[PDB]
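Below: one structure, written as structure tokens.
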Ligand SMILES: *[C@@H]1O[C@H](CO)[C@@H](O)[C@H](O)[C@H]1NC(C)=O
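Chains as they are written, first to last, in the authors' numbering: chain A, 485 to 532; chain B, 195 to 242.
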């Protein structure tokens, strides 16, 4: 048998048979210097 | 050092012929978070 099989997605299909796009985000462990972070900045300077 | 490649540099004019006697600190140029082993190095030359 062929290992690959066509999905044959159709709009008339049900929710379970409908196509869905899935993205997996995997985070590397802390073995090297960190290069990815989040935007974290606010506030003014307010002197004196 | 601890997974960071640090490059300090300085450009000094040569008042004389070679290797003048003088003092001038080397300012830091570049810091890279590469975090891999370094044990051997070599320089590059080109021919015209
Ligand atoms: C690379 O560096 C790691 C961490 O210091 C060390 O355990 C390992 O033996 C090094 N490998 C080589 C080939 O020098």
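Every residue, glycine too, gets a C-beta built ideally from N, C-alpha and C.
Under 7 Å: does the beta carbon of residue i sit that close to some heavy atom of ligand 1?
{"i": "residue 528 (chain A)", "result": "no"}
{"i": "residue 233 (chain B)", "result": "yes"}
To the nearest angstrom, report how far apart residue i and residue j are at their CA atoms.
{"i": "residue 509 (chain A)", "j": "residue 515 (chain A)", "result": "18 Å"}
{"i": "residue 521 (chain A)", "j": "residue 239 (chain B)", "result": "39 Å"}
{"i": "residue 242 (chain B)", "j": "residue 524 (chain A)", "result": "50 Å"}
{"i": "residue 198 (chain B)", "j": "residue 222 (chain B)", "result": "13 Å"}
{"i": "residue 492 (chain A)", "j": "residue 513 (chain A)", "result": "38 Å"}
{"i": "residue 200 (chain B)", "j": "residue 236 (chain B)", "result": "17 Å"}
{"i": "residue 203 (chain B)", "j": "residue 231 (chain B)", "result": "22 Å"}
{"i": "residue 208 (chain B)", "j": "residue 214 (chain B)", "result": "7 Å"}
Practice problem: Give, in chain order, every unbroken run of the alpha helix (DSSP H) that is at least 4 residues long and sits entirely within the stretch 206–240 of chain B. | Solution: none
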